[PDB]
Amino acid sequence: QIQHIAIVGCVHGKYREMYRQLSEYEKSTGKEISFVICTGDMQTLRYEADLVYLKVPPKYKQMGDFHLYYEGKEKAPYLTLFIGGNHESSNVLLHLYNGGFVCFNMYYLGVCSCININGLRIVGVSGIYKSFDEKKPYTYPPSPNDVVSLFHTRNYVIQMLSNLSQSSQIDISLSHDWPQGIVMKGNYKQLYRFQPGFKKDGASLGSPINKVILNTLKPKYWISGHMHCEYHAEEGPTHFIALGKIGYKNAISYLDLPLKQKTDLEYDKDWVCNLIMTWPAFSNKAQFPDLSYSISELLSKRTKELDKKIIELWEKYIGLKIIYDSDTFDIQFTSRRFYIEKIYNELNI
């Protein structure tokens, strides 16, 4: 059978319109949406105070729709998985850097992670690339002086994700800005006619971090947004798809993929092991990661016996299924790190 997955570019706080168009797809076609995938710019502002962390020009300092769903006045009709972009309540996403539900049916994948759903493995890479911030650590708790840098993709996510395709393939990978160089792998002459400003950047357009991750993992699909235009390219065996912003018709597309199994949203096994084995580099809650450690060196200590022990302890303390937690985000930050520390220390290394 077939599972219909909705892929969305930039939301920019227009959730009610997005879910309205998603419902018009289900009724005008008769097909059922399994779940929704968004490439970023979610602007998950809980209340007015969160506007400080929204890095936008003054004209875009707006609350958007998310607070209606956070308050429960609105309910997301589909399970929505998303990454962070450059227009975010960056304090919220920092609290949930290990992933988490921002409200019912809206799951943030964290700074980066892999999840499981309907037999698929989905990798997310949050943020946009700025070379001067790719080596900065994260400062916690969030400070209003970090609004300009919290949403910049850090280089270390490359080492966190590089081994994820060893056991099985990655079906879908998500980034906000494009993988660098992918613009030349499609009909770029046509793209330059509708987007003349893109031609001056040439092949250096996208993110070099997402370029490396794409070449390493080679997923079936790589989805991106940010650029407010539609685009499609082929990099070896990877189908690249770019989407626009909500409000225009190039914002939503649909992947019709085979459905072997219908399963609830679950943590990815290989990601959980990476998450536990890199705990020493994240043990300082005020500044992480501590790059005096080598993430590849920490991950080289993975064995099949330790991986099995890690999953046994993860299922005990957290559970394999990703379930909704309505605790405040600062509590979910401390809770998830508490159990990562507990599982690691029980391995005795």
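Rigid core here is just the name for the largest C-alpha set that superposes within 1.5 Å across the two forms. Note that residue numbering begins at 1 and tracks the sequence as displayed.
Where the structures in 4 other deposited structures of this protein are fitted on the rigid core, 52-60 is the one of 65-73 and 52-60 whose C-alphas sit farther from the shown form on average.
Judged by mean Cα B factor in the deposited record, 182-190 ranks above the other of 83-91 and 182-190. Here 334-342 and 20-28 are compared by their mean Cα B-factor, and 20-28 comes out higher. Comparing the listed residues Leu96, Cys229, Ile170, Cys112, the entry records the largest Cα B-factor for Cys229.
Of the candidates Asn274, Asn116, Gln195, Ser126, it is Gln195 whose Cα B-factor is highest according to the PDB record.
When all modelled residues of the chain are sorted by CA temperature factor, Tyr60 is found within the highest third. Sort the modelled residues of the chain by CA B factor and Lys262 lands in the highest third. Annotation for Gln166: CA B-factor lies in the middle third of the chain's modelled residues.
In this PDB entry, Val148 carries a Cα temperature factor that places it within the highest third of its chain's modelled residues. In the PDB entry, a CA B factor belonging to the highest third of its chain's modelled residues is recorded for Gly247.
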